[PDB]
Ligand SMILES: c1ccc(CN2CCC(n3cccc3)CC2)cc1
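The chain below stands alone and is given in structure tokens; this is the form deposited without this ligand.
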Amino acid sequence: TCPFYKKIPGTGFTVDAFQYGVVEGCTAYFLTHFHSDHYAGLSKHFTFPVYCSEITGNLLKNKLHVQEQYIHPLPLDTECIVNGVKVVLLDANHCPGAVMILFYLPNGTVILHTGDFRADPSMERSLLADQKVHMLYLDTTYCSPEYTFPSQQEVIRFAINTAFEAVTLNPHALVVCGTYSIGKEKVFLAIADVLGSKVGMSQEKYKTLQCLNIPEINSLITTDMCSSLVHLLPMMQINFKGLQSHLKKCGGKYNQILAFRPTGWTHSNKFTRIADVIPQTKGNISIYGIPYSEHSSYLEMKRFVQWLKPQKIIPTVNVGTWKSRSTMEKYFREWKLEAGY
């Protein structure tokens, strides 16, 4: 059945709740972003109103075939009325089209649902600054102090410099990047830009990227693999076997692969700086795991919450075990006593 942390009290609304069949009492289903654990259940047979960003609505229409009449895209940073309730969509700094949702309840309660987000000090100057938030439905993915990671800018600098050096030493090296969802497009687009190439990819993945309103995209991507020296593959093919296989398919155009796996977190982060990252190598194949995150680090999360000062926090991630739930609740109380709210 639908869990309580997916329901917005005082409304007929749910968030990211498409796999429970008809939710009793639901008048509008919000979708924060186009990731499968959140859209799970949508298809061309869905006949209830879906509220989302423009980009998420492009993916619903083109990838899932949801009928246009049930897609309700809203502009960001704009007061909108949905079934008599004021809402605002805010950029969540997650994947393309991902939003946070502000609900202004008829009784005067204000609720922020972060969806999935990577907290940023820029958020402290959005429409959030303008009123008090009483309840926070929080993306707690990395809510423990072991989770540190570098800025996205530092990670992309490392990837650009590594790729440019390799290909300049060996003009017959191929760069491969893994993907299994939207998000993290900066990794492959930045590397292709420094090398003067388009990114080559499957017809399915090209279609997906063409829904994202990315500026000048026709100039950066292609389905012609032969004309590209940065290839995108399924994350599952980023291993020695899969890459050896791919290299055979390129017909002797290349004699070396340098591959990137943008993971979330990996426990090399507790010890190792970005400067000191090294690949796994076999033969003429090297694989780099780079800590490019689209979720908050522990410190980023803590800063956002201590700035916002909510009266009540409802975690949305890691809620399945008592030990996780109790650990998170202890951090929330620490943050509140340190900051004085």
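In this text, residue numbers run from 1 along the sequence as written.
There is another form of this protein, the form solved in complex with this ligand, and it is not shown here; the text below is about that form.
Contact annotation for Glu204: none of its heavy atoms lies within 4.5 Å of this ligand in the entry with it bound. Residue contact with this ligand in the entry with it bound: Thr141 places a heavy atom within 4.5 Å of it. For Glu79, no non-hydrogen atom is located within 4.5 Å of this ligand in the entry with it bound, even though that partner is not displayed. This ligand is not drawn, but in the entry with it bound it has no heavy atom within 4.5 Å of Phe158. Proximity to this ligand in the entry with it bound, taken as heavy atoms within 4.5 Å, picks out 142 to 150 from the listed stretches 142 to 150, 195 to 203, 221 to 229, 79 to 87. Across the proposed site, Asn58, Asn62 and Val66 without exception lack any heavy atom within 4.5 Å of this ligand in the entry with it bound. Along 312 to 341, a non-hydrogen atom within 4.5 Å of this ligand in the entry with it bound is carried by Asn318, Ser324, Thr327, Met328, in order along the sequence.
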